[PDB]
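In structure tokens, one chain follows: the form deposited in one PDB entry.
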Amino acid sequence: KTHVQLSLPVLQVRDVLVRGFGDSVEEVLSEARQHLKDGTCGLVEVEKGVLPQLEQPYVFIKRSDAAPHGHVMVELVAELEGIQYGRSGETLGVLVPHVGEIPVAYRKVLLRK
């Protein structure tokens, strides 16, 4: 399937134990996609002070369209030193590894895979 329905645990930035997916744009996009497939991916909602508390490169989910079965269609964009790799809509949040942190919410997304 080009798209996969996922429910992503929304984590508080200060609970996150593993604050990024790796050390290159290509690695963080790779790792993010692997974690999304494996159900081991969290989502942090981006506000003032969040991104400086996580590790670059960042992996964003961004709205790719205007929402089947309650799932917003999203795609991945990475960012490293202020340059983005990909082009998409509004940020739903920043992806991080999920290693058993308790979420505050779930974000239903349709991931273009």
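Note that residue numbering begins at 1 and tracks the sequence as displayed.
According to the record, 1 to 3 deposited residues between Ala66 and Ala67 are left without atomic coordinates.
The question of which stretch, 30-38 or 67-75, has the higher mean Cα B factor is settled in favour of 67-75.
Residue-level temperature factors show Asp15 in the lowest third of its chain, judged at the C-alpha atom. The deposited CA B-factor of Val59 belongs to the lowest third of values across its chain. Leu51 sits in the middle third of its chain by CA B factor, as recorded in the PDB entry.
In this PDB entry, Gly89 carries a Cα temperature factor that places it within the highest third of its chain's modelled residues.
Not pictured, yet referred to below: the form solved in complex with a small molecule.
Using a 4.5 angstroms threshold between heavy atoms, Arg87 stays clear of the small molecule in the deposited bound form. Contact check for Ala78: no non-hydrogen atom falls within 4.5 Å of the small molecule in the deposited bound form. Not displayed here, the small molecule is kept clear of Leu43 by more than 4.5 Å at the level of heavy atoms in the deposited bound form. Not displayed here, the small molecule is kept clear of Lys108 by more than 4.5 Å at the level of heavy atoms in the deposited bound form.
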